[PDB]
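For reference, the structure is listed below as structure tokens.
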Amino acid sequence: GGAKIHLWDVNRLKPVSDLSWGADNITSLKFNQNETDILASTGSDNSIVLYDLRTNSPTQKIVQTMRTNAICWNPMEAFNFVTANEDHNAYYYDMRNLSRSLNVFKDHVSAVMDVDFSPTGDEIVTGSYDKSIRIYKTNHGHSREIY
Amino acid sequence: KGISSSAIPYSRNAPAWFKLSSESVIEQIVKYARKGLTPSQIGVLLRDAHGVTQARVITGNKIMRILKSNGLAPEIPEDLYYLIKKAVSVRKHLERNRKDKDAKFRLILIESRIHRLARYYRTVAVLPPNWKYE
Amino acid sequence: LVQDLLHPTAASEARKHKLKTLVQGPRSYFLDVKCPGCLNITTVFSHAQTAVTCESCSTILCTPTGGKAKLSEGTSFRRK
Amino acid sequence: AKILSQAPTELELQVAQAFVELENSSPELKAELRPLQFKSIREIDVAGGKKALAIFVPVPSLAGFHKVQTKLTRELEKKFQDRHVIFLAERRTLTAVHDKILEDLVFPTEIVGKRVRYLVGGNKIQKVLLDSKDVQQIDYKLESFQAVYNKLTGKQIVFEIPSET
Amino acid sequence: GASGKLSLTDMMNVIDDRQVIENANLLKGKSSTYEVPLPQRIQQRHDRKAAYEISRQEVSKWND
Amino acid sequence: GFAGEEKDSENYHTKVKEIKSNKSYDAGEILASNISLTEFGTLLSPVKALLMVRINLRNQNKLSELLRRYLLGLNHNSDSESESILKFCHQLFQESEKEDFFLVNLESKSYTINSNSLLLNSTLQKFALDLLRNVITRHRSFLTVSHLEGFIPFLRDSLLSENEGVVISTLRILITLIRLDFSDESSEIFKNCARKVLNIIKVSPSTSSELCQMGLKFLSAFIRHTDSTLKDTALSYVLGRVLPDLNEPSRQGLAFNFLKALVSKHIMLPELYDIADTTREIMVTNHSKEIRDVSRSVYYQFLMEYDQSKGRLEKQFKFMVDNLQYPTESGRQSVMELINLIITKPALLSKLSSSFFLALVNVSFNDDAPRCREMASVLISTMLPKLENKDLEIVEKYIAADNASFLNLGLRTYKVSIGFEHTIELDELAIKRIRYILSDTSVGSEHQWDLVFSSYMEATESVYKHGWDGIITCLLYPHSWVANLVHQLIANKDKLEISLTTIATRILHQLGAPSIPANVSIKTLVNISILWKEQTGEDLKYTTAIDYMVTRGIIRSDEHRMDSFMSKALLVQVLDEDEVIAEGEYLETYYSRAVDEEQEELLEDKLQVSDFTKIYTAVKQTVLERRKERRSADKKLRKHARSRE
Amino acid sequence: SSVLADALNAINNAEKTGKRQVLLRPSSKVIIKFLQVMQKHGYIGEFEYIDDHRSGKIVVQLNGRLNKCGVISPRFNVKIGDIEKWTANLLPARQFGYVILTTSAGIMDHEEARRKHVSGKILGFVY
Amino acid sequence: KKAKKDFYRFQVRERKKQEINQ
RNA sequence: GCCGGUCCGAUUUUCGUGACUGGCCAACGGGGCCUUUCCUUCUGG
RNA sequence: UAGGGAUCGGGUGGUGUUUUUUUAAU
Ligand SMILES: [Zn+2]
């Protein structure tokens, strides 16, 4: 991701495909951990996009109220992801119904700079723009604890 | 101080619910000018008579240049004439009763604010110089 | 409290002042009114600043006020 | 028929025939299109497959093209289908001509924002964005608008509407 | 090239003005289809909607 | 370098010389510097000296454009057309394939490792592209087996490199070399690279990329020119892969060439039907030039060369029939050309030509005539190809099936059994008698009401151009000449009738009144001048001169000036109507002045007529001056400035 | 006041507070090309010039990397054999940071200034 | 409604013309 | 680069090549032309 | 350095009681 998202493989010096919605830059990407052919990204139109390489096309797009910094899929659900944005709460979306963020982890004071799932599939690590990291559980919505 | 002003929009064209021609606005404003009305009053009576925003948008130019083009120019500009009228009115009231020391203060302030604008108008030379408020 | 200083929520921009937004603009609308005396239409500003009068039968349309002017109780209007 | 006759061709005579066939369907155009005045029309290929025809108006008469825009577009859109018809005016300068043909390119009105953002690499990107009006119609011809504006001035301008799209 | 408009909509009417079996040939030539495509972004929006439908249909395998 | 970065920079504007034309430089330069001994090496060497350090895709693509300019220069060149520098193409192939305790240190920033440990491969890729384009330009001169048998191991090596730009050249080179014949080594190489392009279709998730498209062209060449095809199921897979890509662009010429290739090569596949359906809809509904044409080519090739059943053979035919009613002007033209190909190359023609003529008649009654003229040409080809029964049913439909019925019958008789045509012409003569009667009189009354239908009239004029029946029709056409297009057609018909077949004085009076009260106006002026020159002879000539005086808007004025200059015993039977030219002694004013000077270029009687006209004008001016002096207005003589301004 | 100095004071004290997106109301093409070259050096993130006709506003999505920007209000001529003195007098080190000068291409820093071998006047420093 | 008797060039020409005449 | 054609040989379709032809498509560059519309204001005689 | 509550003057919107209705006002 860059000006628009590109798809390479390591046998070509040129991009194999170009997969944007419009001419809007894309801040971060992430593939799955299973059902690997789909992926998600986040661009500075405050927007979450999904893509599917099997159809080789973008597939849906939501727009939140602030810019999503870092997305991260779940390595045990394969259709849930967490989403870390500049309003101080990491949302947790279900893919096949993107109208409701089915959880919101709501304990920081500044921008939520990164999140990741643990490979056991239920704990969230997050790290803020303020000088602190937090660990959440998925099933609660507040902070378990803080380093 | 405080802010209280118009907010002229981002568009710069006739707002497309307009259902009236361009030279009709010119005829309307020269009609009000031959009635003898000041340009700011032309502007508000054109905001409310028929739905223009202002003449720089609906016509090709501003009302001052369109009245100079139609030959109904003012010999002194609006703010200059209005400050002169306020100055002579407060001078007449003070000469009716000289005890109004606040009116003396305000006459000094209006004299200062009109000599500032007279300095600007002489240094830009749009009125003939030697003009120095009688 | 903590919003993007680019394009905010439309509720928030309609909340705040007409000068303090990103691209300032009007909040007065032009509206067309039907003169109840002779049933014709004329345009009138929201914050009308003058008692506007119909061209057919100059009865009255809106007595001016500080903000919006009060339409005169027989007139039928539409925003435009 | 009623075009300037310095360089006629088939499609502009066809759309003048569309004009006088609207005149044959008489009872609404009460001599209002008799002051029509062309300068030139021109077809332009776009990236959407289709084409956009730009009709020029000499601009004492862009306010003459006043209430006739919507009705004659929906007339010639069923007459000469699957094109996109746009009227334009023409003539320290020429940026005024650029954004004036933009402002009369979109509609008689309704642009509300020019944004330009600058990425970290160095690529500028310049968005113009409409307000909210008739979006269910104007969504169809948005790629043709940026295509013909890029063809007409070389500036890379991307169009946008403040909505979900 | 001699283009008089004639105000006529008489395809089926011009077919149905003669004896038998000419209407049989006219019914033998009758499809009435193949409309015009939509613009590019609307065609893109509709087929990426269809792609979303098949991607949710795919991960509903993982739903169980 | 520095001049290039200042040129491609934005903030340096105000010059005409800094638009720089930088590559016609070498395009003209290697037309002369091609000694091909040392100076071409000094071309290539500073490219390597700048290429060893670092590069961007910006400088990479303009460098590749520069080497493209070198290659078109070598093809335009004529110093190396015979094998002297294939040594150097082989040469380019062979050149492609404790201690610091006292050491002082400043400049804390380190060395970026990215410099050349790839970018040597960038050099190798790009002058591999250069040399393979060199070989593909020497294909223009010769294709010799024993001069590049020693090249083919480097060719398969650079194919198995897969650094995109070399694959784009090598697939083109194998496309040109598939016509030739090397040995079993080439059999292995050709089957290997066919497997290679099948692999790149398998891994590339789009066929609308330039590599996959040109590889599809190479698969077309491998199908077309070999002894050994392969893998029915794999070509079925690659065609199922190319199938959904047909809509979106950047796919067109190469994949459609592959389609045409295998549909010519006759193999039966279940997916060819699906791509035939989609390419038929593409042929009708496409929006780019010649793509509808090549899709029409492949759809016609499938529809003729392959074997469908009754349901498909009915439904595609009615698809064409109602695809005639498509709203465009060019998709309609392409389906017209499809029906044209079906017509030119039948029992299906006997089954389809009745409804085809009916639908082309509806397309003639459709929109603005660039499709209607093609419909007329296709209907002419169909009516010429019809043996007896299609023409019989067509004559029945034209004689049975208001104003559209009459116009269809008239156009059918204009196109094309002369006895049945005579019976139809009797019906047409009855229709023309009932039509051309007092409608022209009411039209002349409308013209008089101005300066105080026409579909059946133009149909009757076309029918009279098609066909004492000629005498009665000539009288009816004289009545019809007695709205502007109708008068034009009637003036053409009157000139033709007066050529083919007082009464002629009355015809001249009607023609003069029609020209008085554009190209047909010129032809009518020519016909009236011919009638007056063929000419109560003196009374008719005097009436003609008086009609020219009453004539002398802009077109008829130029025709009157041309007729006066062509008409004027040098002056004895000429001195009647020079007063209008004496009165003629803003572009209409310029044309009238040019025609007046031409007529004045074209003796004693001339001075007499000039004196008489000047005296009559002086007497008129004297009468007007006396009327003003005795009636003495200024508002009507001064308001012209206010009206003009 | 000086619009460039007040703009750079705005992003400087907003970074000192610790915000992320800073609005910057009075804009000009000098500030545009200024923080364009500082985002080339990656000292802020992306930004945006919202264009209304009166002045245009600036919003910068700076991440964390500034610690002090600023200008020098006498924009005097500075020779090529004096930018080393000015770097030693303005920055805490030689290559740590930059100083951007107005020159005959215009918003180059001192590394690009010694590369292109031009100079001019000093308008601002950033590190 | 609230016209001025001054402030326009043609009106002050008319006023000085009336003063010149009578 | 696409396509049609005059041909030689096979054919009564279609292909190999050598010529040669035009209908068109993109990339290059060259020469002009329209964007100084047709009409009023210089430092001094 | 920033945040919050209340009040005075003006404006916008809401929708309950004070108000009331063909005299004007708001
Ligand atoms: Zn009324």
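In terms of Cα to Cα distance under 22 Å, which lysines are near enough to F:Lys568, apart from those fewer than 8 places away along the same chain?
Correct list for F:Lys568: F:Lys523, F:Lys533, F:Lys541, F:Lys606, F:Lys614.
Quick check: the angle from helix E:40-59's long axis to the longest principal axis of chain E, C-alpha only, nearest 10 degrees?
Roughly 50 degrees between the two axes.
Rounded to a whole number, what is D in µm²/s for region B:19-73 from Stokes-Einstein with the Kirkwood radius over alpha-carbon pairs (25 °C, 0.890 mPa s)?
The Stokes-Einstein estimate is 225 µm²/s.
Along the charge dipole of chain B, Cβ charges K/R +1 and D/E -1, which of B:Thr123, B:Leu45, B:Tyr133 sits furthest on the positive end?
B:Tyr133
Could you give the nm distance between label points at F:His147 and G:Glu111, where each point is 7 Å from its Cα heading toward the beta carbon?
Label at F:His147, label at G:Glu111, 5.2 nm between them.
Once both labels are modelled 7 Å past Cα along the beta-carbon direction, what's the F:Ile530-F:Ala32 spacing in nm?
6.3
On a C-alpha basis, how far is the centre of region D:52-68 from the centre of region C:23-80 in Å? Whole number, if you could?
Value for the Cα centre distance between the two parts: 31 Å.
Please compare each pair in C:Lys20/G:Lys57; C:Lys80/H:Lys2; F:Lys432/F:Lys495 to a cut-off of 23 Å on the Cα-Cα distance and tell me which ones are over it.
In this structure, C:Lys80/H:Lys2 exceed 23 Å between Cα atoms.
Tell me, F:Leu235, B:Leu109 in order of fewest to most beta-carbon neighbours within 10 Å?
Listed from fewest to most nearby Cβ atoms, that is B:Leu109, F:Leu235.
Counting only other residues whose beta carbon sits under 12 Å from that of D:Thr153, what net charge do I get with K and R as +1, D and E as -1?
Around D:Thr153, the surrounding residues sum to +2.
Tell me, what is the Rg over Rh of region B:74-134, with Rh the Kirkwood radius over Cα pairs?
That ratio equals 1.03.
Taking the number of other C-beta atoms within 10 Å as the exposure measure, put B:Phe18, F:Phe565, F:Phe258 in order starting with the fewest.
So the residues, fewest neighbours to most, are F:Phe565, B:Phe18, F:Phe258.
Could you check which residue among A:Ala90, A:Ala23, A:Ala78 shows the biggest mean-square fluctuation in a GNM of chain A with a 10 Å Cα cutoff?
In this elastic network of chain A, the residue with the biggest mean-square fluctuation among A:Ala90, A:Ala23, A:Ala78 is A:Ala23.
Could you name the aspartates and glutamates whose alpha carbon sits less than 12 Å from that of G:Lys116, not counting residues in the same chain fewer than 8 places away?
F:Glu5, F:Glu6
Hey, how many Å between the Cα centroid of region F:571-634 and the Cα centroid of region F:361-404?
56
Here are some pairs, B:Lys31/C:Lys68; A:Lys14/F:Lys202; D:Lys51/E:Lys5; which of them have Cα atoms lying more than 20 Å apart in this structure?
Result: B:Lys31/C:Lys68; D:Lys51/E:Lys5 exceed 20 Å.
Note down the net charge around F:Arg292, summing +1 for each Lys or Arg and -1 for each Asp or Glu among other residues with Cβ under 13 Å from its Cβ.
Surrounding charge for F:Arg292 is -1.
Under the rule of -39500 (n - 2.57) per DSSP H run of 4 or more residues, summed and divided by the residues of chain C, what mean residue ellipticity at 222 nm is obtained, to the nearest 500 deg cm²/dmol?
Mean residue ellipticity at 222 nm (helix-derived): -1500 deg cm²/dmol.
Where nothing but the Cβ of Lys and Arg (+1) and of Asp and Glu (-1) is charged, how large is the charge dipole of region B:13-118 around its Cα centre, in debye to the nearest 20?
Roughly 480 debye for region B:13-118.
Projected onto the charge dipole of the protein assembly as shown (+1 at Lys/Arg Cβ, -1 at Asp/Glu Cβ, origin at the Cα centre), which of A:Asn25, F:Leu451, F:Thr536 gives the Cα projection farthest towards the positive end?
The residue sitting farthest along the positive end of the dipole is A:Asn25.
Distance between Cα centroids, region D:1-47 to region F:455-500: provide it in whole Å.
Answer, in whole Å: 32.
Add +1 for every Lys or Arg and -1 for every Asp or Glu among the other residues with Cβ under 15 Å from the Cβ of H:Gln22, and state the total.
Combined, the nearby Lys, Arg, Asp and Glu give +1.
Kindly provide log₁₀ I(q)/I(0) values, in the same order as q = 0.33 Å⁻¹, from the Debye equation applied to equal alpha-carbon scatterers of region F:604-645.
-0.98
Setting aside same-chain residues fewer than 8 positions from F:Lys620, which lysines have a Cα under 17 Å from its Cα?
Within the straight-line cut-off, F:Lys620 pairs with F:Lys628.
Please report A:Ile146, E:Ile42 as a ranked list, fewest other C-beta atoms within 10 angstrom at the top and most at the bottom.
A:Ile146, E:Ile42
Taking a ≥ b ≥ c as the square roots of the Cα gyration tensor eigenvalues, with a/c under 1.5 meaning rounded and otherwise prolate when a/b beats b/c, else oblate, which class fits region F:297-345?
Oblate.
Of D:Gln14, D:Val59, D:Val116, which is farthest towards the positive pole of region D:1-160's charge dipole, taken about the Cα centre with +1 and -1 on the beta-carbons of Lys, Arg and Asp, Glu respectively?
About the Cα centre, the residue reaching furthest to the positive side is D:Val116.
Place a +1 charge on the Cβ of each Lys and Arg in chain F and a -1 charge on the Cβ of each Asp and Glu, then give the dipole magnitude about the Cα centre in debye, rounded to the nearest 20.
So the magnitude is around 1440 debye.
Number of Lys pairs in region F:1-98 with C-alpha atoms less than 16 angstrom apart, excluding same-chain neighbours closer than eight positions?
Final tally of qualifying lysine pairs is 8.
For the protein assembly as shown, give the magnitude of the charge dipole about the Cα centre (Cβ charges: +1 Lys/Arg, -1 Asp/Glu; no others), in debye to the nearest 20.
8760
Pop a pseudo-label 7 angstrom from the Cα along the beta-carbon direction at both F:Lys523 and A:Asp37 and give the gap in nm to one decimal.
Label at F:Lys523, label at A:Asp37, 6.8 nm between them.
How many times 2.2 N^0.38 Å is the alpha carbon radius of gyration of region F:18-72?
Cα-based Rg divided by the globular estimate yields 1.19.
When the helix-only estimate is applied to chain B (DSSP H runs of n ≥ 4, each -39,500 (n - 2.57), divided by the residue count), what is the mean residue ellipticity at 222 nm, nearest 500 deg cm²/dmol?
Here the helix-only value at 222 nm equals -18500 deg cm²/dmol.
Please sort F:75-84, F:286-295, B:89-98 by packing, taking for each peptide the average over its residues of neighbouring beta carbons within 10 angstrom, highest first.
Listed from highest to lowest mean packing, they are F:286-295, F:75-84, B:89-98.
Could you tell me which of rounded, prolate or oblate describes the protein assembly as shown, using a ≥ b ≥ c as the square roots of the eigenvalues of the alpha-carbon gyration tensor, with rounded for a/c under 1.5 and, failing that, prolate when a/b is larger than b/c and oblate otherwise?
oblate
Given axes a ≥ b ≥ c from the Cα gyration tensor, I'd like to know whether chain F is rounded (a/c under 1.5), prolate (a/b larger than b/c) or oblate.
oblate
Would you calculate, for chain F, the mean residue ellipticity at 222 nm contributed by helices, counting each DSSP H stretch of 4 or more residues as -39,500 (n - 2.57) and dividing by all residues, to the nearest 500?
So the helix-based figure for chain F works out to -22500 deg cm²/dmol.
None of the figures in this text is laboratory data; all of them are computed from the coordinates on show. All Cβ positions, even for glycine, are placed from backbone atoms using ideal geometry, and neighbour counts span all protein chains on display.
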